[PDB]
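Counting neighbours? That spans all protein chains shown, and the Cβs are built from the backbone with ideal geometry, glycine included. Please treat every number below as a calculation from the coordinates, not as lab data.
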Ligand SMILES: [Cl-]
Ligand SMILES: [Cl-]
Ligand SMILES: [Cl-]
Ligand SMILES: [Mg+2]
C-alpha cells in the first residue's frame, strides 16, 4: 500500500456486458499504484450477459472513497436505472471523485442518477436517443469529456476510453506504454463497427434485434427523467 | 443444449491475461448456436494475472469434444508449457477439433504441445522470438491462418482474431453484425500499439518491463523444444 494510491471502482451488476468492465480493467490495473475495486451489493459472483461469471471484491458499504468511478453498460442497465441503492452509491462517490465515468449504456445510469444534466455525453449507438431525456446533450464521438465526466461509446470503446483516462491520470508516455503492452494496433477484419459504415442490411438486423430492449429502456428512461423533472 | 451448437472452449488457467480470454469470449458468445466453455483441471475460481477472478465451468475430464479450442496467453503460460495434464488436454482436443486457436502467448502453449511444427503462427510482439525454437514459421501479422490453425497477436488482437473466426464459423454478415453490436470502430488516442509505430523510448520501456518474464520464458521454451524431439 501507499498513501497516494489511486482507487478505481467499477460497478459490477447482473447482466453487465463484461467487455465494458474487462477492457478498461486491464488498461487501468496496469497503472502505477492503482487498486481496482469491483463493487456490488456484496462481494461474490455476478453473472455477465454472456454467462461469464465475474466476482465483486467489495460491497457498496465497504467500498473506500474512489478517485475514479466507472459504470459499465449492459442489459442490466435498465434495472440499475431504477435501483435506489446503486444510484445513491453513485451519487455519493461522484460527490468527491476526481473522475466520474462510464462505458456504453453505463451513461444512462449516470443520467438516471442526475449527473448528466446539461453535460455532453455519449453511449452505445443503439440507445443514443435516450441521453437527451436524462438532460444530457448527446454527442456522437467515441470518448466524450465534460469537466470531470468521461463517457465512452458502445462496448469496445472502453479500451479507447481507458487509454484516454490513463493519460489524464498520468501522462501520454504512460498511456503509450500500456497501449504497446496490449498491442492495441487494431485492424478490424470488417468495417461494420459504426452504423454509418456497416452494411445497411446489418444495421437493420441490429436495430430489429434491439427493438424490444429499446422499447422497454425508453419507458424506464422516461420514468427516471420525470423524477429528475420534479 | 442446442444440439448443433458449435462447441467453443477456452483454457482458463492461473495467471492468464484476462483480456485474452474475455475479449474473444464476448465476441464468440454473441454468435447464434454456440456454447462456450471455460476449462481448467476442475471447475471453480481461477485468478488472472491482474487479480481479476474468473470461473472455470468444467474440468478437462468433463469437457465435451470441442469444435474450437482456444488458448489465451498470459504470465501463466510458462507453467502450462511444462504441465503434462494441460498439454494432454490441448493435444486431445486439437486431435479432432475443427479449429485450433490461440491469442497472444497462448501460441507458445500450442508450440510446447507440438502443434506448431512447420506451421505459420504469431504471438505477442515481445515474445515473438520464442516461436521459432518450437518449430513455428513466425509471421509478423496480427491474425495468422494456416489450415485449421488460427493465431492472434498480443492481447487486444483477440478481438480481431475472434471476428475473423466468427466469419469462418458463420459468415461475413454475421461477423459484421457482432462488430456493430460491439461498436468496434476503434479510435485509439495514441499510435503506440505496435513496436513499429510506438516511440522508441516506449518500446525500450516495454522491453525492460518484460525482461525478467522473457528470461524465464526463454528457459522454459528451450526445455519444451528439446522435448519435441520425441
Ligand atoms: Cl436484408
Ligand atoms: Cl505473456
Ligand atoms: Cl514464464
Ligand atoms: Mg456437433
GNM top mover of A:31, A:130, A:149 - chain A, alpha-carbon springs below 10 Å: A:31
Can you bin the range A:72-122 into rounded, prolate or oblate? Criterion: square roots of the alpha carbon gyration tensor eigenvalues sorted a ≥ b ≥ c, rounded for a/c under 1.5, prolate for a/b above b/c, oblate for the rest. oblate
For residue A:200, placing the label point 7 angstrom along Cα-to-beta-carbon and taking the range B:166-185, residues whose amide nitrogen sits under 19 Å are B:173-174, B:176-177, B:180
Which FRET efficiency value, to the nearest 0.05, is calculated for residue B:2 and residue B:146 with the Förster distance at 25 angstrom and r the Cβ-Cβ distance? 0.25
Considering only the label points, 7 Å along Cα→Cβ from Cα, what distances in nm to one decimal separate residue B:173 from the same position in each other copy, shortest first? 5.2
Can you work out the FRET efficiency for the pair residue B:223 and residue A:117, with r the C-beta to C-beta distance and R0 = 60 Å, to the nearest 0.05? 0.45
When chain A is treated as a Gaussian network with springs between alpha carbons less than 10 Å apart, the largest mean-square fluctuation among A:145, A:120, A:96 is found at A:96
Mind running the shape call on the range B:6-227? Use the C-alpha gyration tensor, a ≥ b ≥ c as the square roots of the eigenvalues: rounded below 1.5 for a/c, prolate if a/b tops b/c, oblate otherwise. rounded
Distance from the Cα centre of the range A:163-183 to that of the range A:27-64, in angstrom? 22
Could you give, in nm with one decimal, how far residue A:210 is from each other copy of that position, shortest first, with labels 7 Å out from Cα toward Cβ? 3.6
With r as the distance between the Cβ atoms of residue B:172 and residue A:41 and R0 = 35 Å, compute the FRET efficiency 1/(1 + (r/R0)^6) and round to 0.05. 0.25
Which value at 222 nm does chain B reach when only helices count, each DSSP H run of 4 or more adding -39,500 (n - 2.57), with the total divided by all residues and rounded to the nearest 500 deg cm²/dmol? -12000 deg cm²/dmol
Considering only DSSP beta bridges where both residues belong to the protein assembly as shown, give the percentage that are antiparallel (nearest 5). 30
Virtual spin-label span in nm between residue B:208 and residue B:95, 7 Å along Cα→Cβ: 4.9
Given Cα pairs under 8 Å that are at least 6 residues apart, what percent is the relative contact order of chain A? 18
Taking the label point 7 Å from Cα along the Cα-Cβ vector, the copy-to-copy distances for residue B:197, listed from shortest in nm with one decimal, are 1.2
Mind checking which of B:215, B:128, B:25 has the largest fluctuation in a GNM of chain B, springs on alpha carbons under 10 Å? B:215
Extension gain (nm, one decimal) between residue A:33 and residue A:191, 0.36 nm per residue minus Cα-Cα: 53.1 nm
